[PDB]
Amino acid sequence: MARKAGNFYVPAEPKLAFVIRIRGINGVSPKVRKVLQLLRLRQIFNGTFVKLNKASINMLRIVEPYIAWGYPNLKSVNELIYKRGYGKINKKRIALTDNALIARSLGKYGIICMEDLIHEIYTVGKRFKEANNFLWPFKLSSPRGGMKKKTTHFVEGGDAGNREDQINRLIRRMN
Amino acid sequence: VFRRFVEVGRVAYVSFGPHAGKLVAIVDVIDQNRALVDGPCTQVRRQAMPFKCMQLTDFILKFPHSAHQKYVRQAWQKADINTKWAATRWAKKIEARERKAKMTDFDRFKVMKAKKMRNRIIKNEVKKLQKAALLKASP
Amino acid sequence: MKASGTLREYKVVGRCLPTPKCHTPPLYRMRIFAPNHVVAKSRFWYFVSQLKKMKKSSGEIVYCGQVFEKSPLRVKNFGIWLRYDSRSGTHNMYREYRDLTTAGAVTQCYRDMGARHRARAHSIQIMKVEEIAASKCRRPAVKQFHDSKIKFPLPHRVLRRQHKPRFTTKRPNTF
Amino acid sequence: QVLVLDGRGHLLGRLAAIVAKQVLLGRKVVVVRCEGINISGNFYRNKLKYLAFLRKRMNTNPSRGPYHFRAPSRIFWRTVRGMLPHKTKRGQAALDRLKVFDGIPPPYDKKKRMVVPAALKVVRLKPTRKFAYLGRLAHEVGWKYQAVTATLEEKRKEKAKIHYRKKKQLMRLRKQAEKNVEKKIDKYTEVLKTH
RNA sequence: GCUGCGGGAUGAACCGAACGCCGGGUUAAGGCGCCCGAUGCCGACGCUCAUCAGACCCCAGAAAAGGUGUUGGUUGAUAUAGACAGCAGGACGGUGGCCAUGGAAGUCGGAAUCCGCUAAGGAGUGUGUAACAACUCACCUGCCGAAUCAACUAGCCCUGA
Ligand SMILES: [Mg+2]
Ligand SMILES: [Mg+2]
Ligand SMILES: [Mg+2]
Ligand SMILES: [Mg+2]
Ligand SMILES: [Mg+2]
Ligand SMILES: [Mg+2]
Ligand SMILES: [Mg+2]
Ligand SMILES: [Mg+2]
Ligand SMILES: [Mg+2]
Ligand SMILES: [Mg+2]
Ligand SMILES: [Mg+2]
Ligand SMILES: [Mg+2]
Ligand SMILES: [Mg+2]
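Residues numbered from 1 in each chain as written, not as in the entry; some residues may be left out. Chains lettered and ligands numbered in written order. Part of a larger assembly, values for the part shown. Heavy atoms only, no water.

Method of structure determination, per the deposited record: cryo-EM was used for this entry, reaching 3.5 Å resolution.

Contacts between chain B and chain C engage 20 residues on the former and 15 residues on the latter. Roughly 1900 Å² is buried in total at the junction of chain B and chain C, and carbon and sulfur atoms are behind 64% of that figure. Sorting the residues of chain B by area buried against chain C places B:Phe2, B:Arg4 and B:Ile30 first, and these three jointly supply 27% of that buried surface. Taken together, the connections running from chain B to chain C amount to five residue pairs in polar contact. For the side of chain B that touches chain C, the secondary-structure elements that each account for two or more residues are β2 (24-29), β3 (34-38) and β5 (54-60) of chain B. Ranked by the residues each element gives to the side of chain B that touches chain C, the list is headed by β5(B), at three residues. Partitioned by chemical class, the residues of the side of chain B that touches chain C number 11 nonpolar, two polar and seven charged. (Contact = heavy atoms within 4.5 Å. Buried area = accessible area lost by both parts, 1.4 Å probe. Polar contact = N/O pair within 3.5 Å; in protein donor to acceptor, adjacent residues only side chain to side chain. Helix = DSSP H or I, 4+ residues; strand = E, 2+ residues; numbered from the N terminus. Nonpolar A, V, L, I, M, F, W, Y, C, P; charged D, E, K, R; others polar.)

Before going further, it helps to spend a moment on a positive patch on the surface. The grouping of D:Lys28, D:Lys89, D:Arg97, D:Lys99 and D:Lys111 at the surface amounts to a positive patch. Among the structural elements, D:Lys28 can be located in strand β2 (residues 28-31). (Patch = residues over 30% accessible without salt bridge, like charges linked within 9 Å, V, L, I, M, F, W, Y side chains within 5 Å. Areas by Shrake-Rupley, 256 points an atom, 1.4 Å probe, with all protein chains shown as cover. Salt bridge = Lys/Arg side-chain N within 4 Å of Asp/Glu carboxyl O. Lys, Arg positive; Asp, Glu negative; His and termini not counted. Charge placed at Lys NZ, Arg CZ, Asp CG, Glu CD.)

Residue C:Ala3 is not a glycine yet carries a positive backbone phi of 55 degrees. Within the secondary structure layout, C:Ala3 lies in the segment before β1 (8-16). C:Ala3 gets classed as buried once you look at its relative accessible area, which sits at 6%. Unusually for a residue other than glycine, D:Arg33 sits at a positive phi of about 55 degrees. Considering the arrangement of structural elements, one finds D:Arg33 in the loop between β2 and β3 (38-40). (Buried < 20%, exposed > 50% of the residue type's maximum accessible area, 1.4 Å probe, protein only.)

The next point concerns the packing of helix α4 (residues 105-137) of chain B against helix α8 (residues 146-179) of chain D. At their nearest, the axes of α4(B) and α8(D) sit 9 Å apart, and the two run at 120 degrees to each other. The two elements α4(B) and α8(D) meet at a crossing, and its hand is right-handed. Every residue of α8(D) that contacts α4(B) at B:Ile122, B:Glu125, B:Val126, B:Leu129 and B:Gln130 is listed here: D:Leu170, D:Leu173, D:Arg174, D:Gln176, D:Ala177 and D:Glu178. Considered class by class, the residues forming the contact of α4(B) with α8(D) number six nonpolar, two polar and three charged. (Axes fitted to C-alpha atoms, helices over the stretch in contact; angles between N-to-C directions. Left-handed = near helix turned anticlockwise from the far one by under 90°.)

Okay, the protein's contact with RNA strand E next. Among the 51 residues in the neighbourhood of RNA strand E, the closest are listed as A:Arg23, A:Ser142, A:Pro143, B:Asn33 and D:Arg45. Backbone sugar and phosphate groups make up 68% of those atoms of RNA strand E lying within 4 Å of the protein. A distance of 2.7 Å separates a sugar or linking oxygen of RNA strand E from a polar side-chain atom of C:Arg95. Contact distances for RNA strand E include 2.5 Å between a phosphate oxygen and a side-chain N or O atom of D:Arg45. Of all elements in the fold, only β5 (90-99) and α2 (102-116) of chain C together with α1 (12-23) and α2 (43-55) of chain D reach the threshold of two or more residues within the surface near RNA strand E. Class assignment of the residues belonging to the surface near RNA strand E gives a composition of 16 nonpolar, 17 polar and 18 charged. (Near = heavy atom within 4 Å.)

Here we take up the packing of aromatic side chains. Two numbers describe a pair of aromatic rings. These are the distance of the centres and the angle of the planes. Scanning all chains against the criterion turns up 15 aromatic pairs over all chains. Taken together, a centroid distance of 4.8 Å and an interplanar angle of 90 degrees make the contact between B:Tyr13 and B:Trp90 edge-to-face. Pair noted here: B:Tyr13 is in strand β1 (residues 10-14) and B:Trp90 is in helix α3 (residues 89-101), with a separation of 77 residues, a long-range link. B:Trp90 gets classed as partly exposed once you look at its relative accessible area, which sits at 31%. When the centroid spacing of 5.4 Å and the interplanar angle of 80 degrees are considered together, the rings of B:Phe51 and C:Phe152 count as edge-to-face. Pair noted here: B:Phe51 is in the loop between β4 (47-50) and β5 and C:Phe152 is in the segment after α3 (140-145), and the two residues belong to different chains. The same class applies to B:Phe51 and to C:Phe152, which are both buried. (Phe/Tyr/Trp six-rings, centres within 6.5 Å; stacked < 30°, edge-to-face > 60°.)

And the structure:
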């Protein structure tokens, strides 16, 4: 609608990011270690969905040398929910495998099914926190083609930083 | 010595690369390593390919400098590169290599039995010719 | 930057945030050569933070677009302006490159500066890229490639490293 | 089985790399004409490095310790020793499989010699750079057998000419036989299926 | 320390990564001429010849300075109103100017600094005479013929070592 009028256009900055942890365990400052504990990245190659916010971006700026975070696509959300969908009841993470588990545990908010779960993770609604707490942190394998140096940011041809659409390529390599 | 050289308006074979076995034609040299090549009728698109990627031939064309695809095609059809290229031994060598790649086991059996028959006849004739050479050189 | 592979040209426009002290920001525009758009956006923030009172937090990028070549099928001449940082002190530089496209010419510029002057992607700041025509090239290399009916053979052309068998009765000739 | 390699126009490190890789697999390789193996760089530098290699010796007893061969075949054999794991019974068996000769032995006069294209001077070196000859280096330092090896080399070159003239005569005779008639019935099959 | 494992040949601290027993796949740190698993890609661009080449954080060696050895780069200056080089010729008069006496008569020395002929002469760039003399240069002209010169700068290599 804007290029016909000759004007530019900017889309909305998305409110949902995916965070994979890249670096290891030992040799880690407590200032970033506590943020990784709050982002549920206690091991290496685990990922979470983060509701983007000023507080969340100022969290991620502390742990930029340790994570790779980006804007996941619809199938980037969908393959992570289908293929490696693990939830938790109280303890004891169980693979989803049926709509009855989600309808029994998480479905108190009209979110009883996996279509509802994918909709709530992708389009960040008013009940995103319950879905993010229900989802176990996604254990992911090492990528196929490899990684780029793991220490410099993606601006410097590295891995530890923001890439904003290339995390879709990263999740097609890893997942 | 140095019968061939790159030139504005020379057809060239392509040995290595994604367009192998396809003739291109040099339009102009960019800088020392790559030349803007073009293909009017050899199913290859106008691009820049390296000199070590291409292979020089002997036939030349009267291209103007940086002419259109239309003028390249007109000079190609005026020079008649396709029939004259089929009517040489080098394309017969490439065609024989392709036919050896496209052999089968029954074809190899026929080649081997014809090979046995020809080599027996050649061996008998070489024996007869050296016997005749000794009979000629004996007086 | 990394300058990995061939480079790409991006038109990036960016402005400040709309503030009640001063609305309608001037919406500046730059031409960034970068391997992808994320590095283009970051290098845009770098140059505009050098030039004017701008940063990533108090500003935004309106549009970041790929700039395709106006004539890829034409062998053209490009003058590149350089602000490279050497070991002792930084220096300005004018270079000339005969190549097809602008992104390929700037790619050859990065590769050639890294070859001769040991300049990384950290130190090279492309000031301006401009297509120049014939009879304006300052350089003798591009001036001697300016030849109609140009002739040269390829003497001593050796190739096919072990594509042939490693052990043969041949003794391979050149040209 | 056996891989009889030429040495005329090859490089020391490249030929040693290819021989030391192909001798661990079991192919019994023999490098003949070892006096003609070229070495890149300047000849003064090559003999200076070889003089430093001679200077490296044990001071308490030079016999019990560093041995320094002067013959070029043993130079190449030491070059392949320094690349194979000769302190174990894999590289030791590989050096037992490897045979090296200066000049050309009488079985290798008859057997055909191979030429490695990956180790050639023309393929690997720029033609305006300096080089050396390992036989020239060996005659300059130690190996006093250039005048005998060159004489026997000229003798076998004369033998190779007097064999090649007969071979070319027989090739002319068999191509006269191929020029003759009544062989084309099989050629109708053969030219179609790759003459 | 209290800690194995993969690289750094070898290693307490380095770089990844932390350890129940195994199979399959993948990867980091690192590497793909042979040891020693992997570039045996018809890999791309350019630099380097080193008579002590060079080869990966800690890490196991080196500086100030110099190079008409090559490669870029900046600032300038010349040139058909025929330049830079080369070969040849001119290179004066006032005036052996002036302070100087052992001498300066352009040439140890201090201050200066103009005109005529002009094709051009600088009260003179150097060699030489104790000085007087000869030679050469700034500048000009004869032949040739279109690109040339100067000062800085940084990459490899060399001397310094
Ligand atoms: Mg660490
Ligand atoms: Mg793989
Ligand atoms: Mg890596
Ligand atoms: Mg670190
Ligand atoms: Mg203790
Ligand atoms: Mg502890
Ligand atoms: Mg180790
Ligand atoms: Mg070490
Ligand atoms: Mg395993
Ligand atoms: Mg191997
Ligand atoms: Mg020490
Ligand atoms: Mg220099
Ligand atoms: Mg040095």
